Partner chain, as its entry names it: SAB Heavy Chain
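Only one chain is shown below, in structure tokens, and it's the form deposited without the partner chain.
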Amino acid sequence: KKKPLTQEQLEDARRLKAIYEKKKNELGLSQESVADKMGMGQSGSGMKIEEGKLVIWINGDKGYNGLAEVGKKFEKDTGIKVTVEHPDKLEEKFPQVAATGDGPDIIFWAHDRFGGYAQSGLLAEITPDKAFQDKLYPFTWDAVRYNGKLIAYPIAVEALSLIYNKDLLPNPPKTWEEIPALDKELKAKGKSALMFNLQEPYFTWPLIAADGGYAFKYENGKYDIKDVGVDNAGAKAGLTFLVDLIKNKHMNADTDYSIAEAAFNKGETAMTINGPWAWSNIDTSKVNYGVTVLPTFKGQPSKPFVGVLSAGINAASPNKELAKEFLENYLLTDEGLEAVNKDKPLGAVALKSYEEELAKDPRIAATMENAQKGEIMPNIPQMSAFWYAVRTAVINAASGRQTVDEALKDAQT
């Protein structure tokens, strides 16, 4: 308190403070900190994610109610509350919130996005022992391995199939090339041959890859990011066929997931292209449907990009042990996967014991044959940029805003 200070000394300090404050106000920071704007300090205090519970994000097309049921079982046994959410644009929101040390404890998505999350430091290395690993197929662990480390638990192996209305079309086409004539036939009955989501490149990729399109060349155990196959002859032939379908009025460039689903389930179109998650709504519909191998293009199989639905653990989570216990001992069991599967079908699961049951289902057999004909997606960090590039190319080529040659030239970097 009692200091040997004169008014002149205090005045000198007053002036220095005022010089500082004058600059601060001129910089428009009357209400903010200088050090914050310099990106100094932290963000944040390492405690945004609540300790002692689990928050889980999964896409809204998956069996999130069945997953929440597994969460309730977990809570009954352990007292740990599990909250399941399905935010829109989850795969964009997760990296944004997790970068700040926030977000869910566990994030579900196909494995392709996970290498980018891991490179950004957003995903924990997972630690299942060999005995647990032995319960899932080796190729599924491979999909979630990034630079030697396991960075997610694999859940299910997803591939697109051709889904068809057996009453309108007891005999589904073998080839993409048959579709225009089939559409002309069905149009005379007030129906169309085929509708599927043209807004997400996932759905058009199997045709683009058929005759030779590819994302990143894989050689000697590594992906060459300098060798991209989005604008080669095969990719062009595939996308040109799609564009010709639109030019010839066999499909509408505007068709999206809900337009195609509503039209197929109402019985207005004879075929759609979709994954196992979609089977539940068709089951509810009046449609008698089959699930079969995708049409060939130029005599070669369609090659869907295969996604392994996977559960990653937020690096910021203080609940990594709770998450491990939940995922290994509750979800990845016959009863856990059945709960999710009964809600929206997972397709072919990574867990050997449960996959052996489901394999009897002809819809799963067809999923697996389409998966086998395609390729497991890379998980490299360049995947997000690839998908954005191809999404743009397909939408622009389909709508006619650009030619196929120009759109694919733009996508190639």
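Residue numbers count along the first chain shown, from 1. Think of the rigid core as the biggest set of C-alphas that the two forms share within 1.5 Å after superposition. Shifts are known only where both forms have a C-alpha.
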- If you average the Cα B factors in the entry, which is higher, 75-83 or 260-268? 75-83
- Stretch exceeding the other in mean C-alpha B-factor - 109-117, 125-133: 125-133
- Of the options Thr175, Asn220, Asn329, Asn319, which has the highest CA B factor as deposited? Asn220
- Note on the structure: Max C-alpha B-factor within the set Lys324, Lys286, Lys298, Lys303 falls on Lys286
- Message: Looking at the temperature factor on the CA atom of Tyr153, which third of the chain's modelled residues does it land in?
- Response: middle
- Item | For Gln42, the third of its chain into which the C-alpha B factor falls | highest
- Query: With respect to C-alpha B-factor, does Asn59 fall in the lowest, middle or highest third of the chain as deposited?
  - Reply: middle
- Sorting the chain's modelled residues by C-alpha B-factor and splitting them into thirds places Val390 in the middle
- Message: Where does the C-alpha B-factor of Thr100 rank in its chain, lowest, middle or highest third?
- Response: highest
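Below, we refer to the form solved in complex with the partner chain, which is not included among the displayed structures.
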- Item | Sequence-ordered residues of 223-245 touching the partner chain in the deposited bound form, heavy atom within 4.5 Å | none
- Rigid-core-referenced C-alpha movement of 2 Å or more between this form and the one not shown, selected from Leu162, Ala278, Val228, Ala339: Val228
- Query: Do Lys247 and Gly229 have their C-alpha atoms closer or farther apart in the deposited bound form than here, with the shift being 3 angstroms or more?
  - Reply: farther
- Task: Work out the direction of the Cα-Cα change for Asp231 and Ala398 in the deposited bound form: closer or farther than in this form? It's 3 angstroms or more.
- Result: farther
- What runs of three or more residues stand out between this form and the one not shown, with each Cα shifted 2 Å or more once the rigid core is matched? 222-231
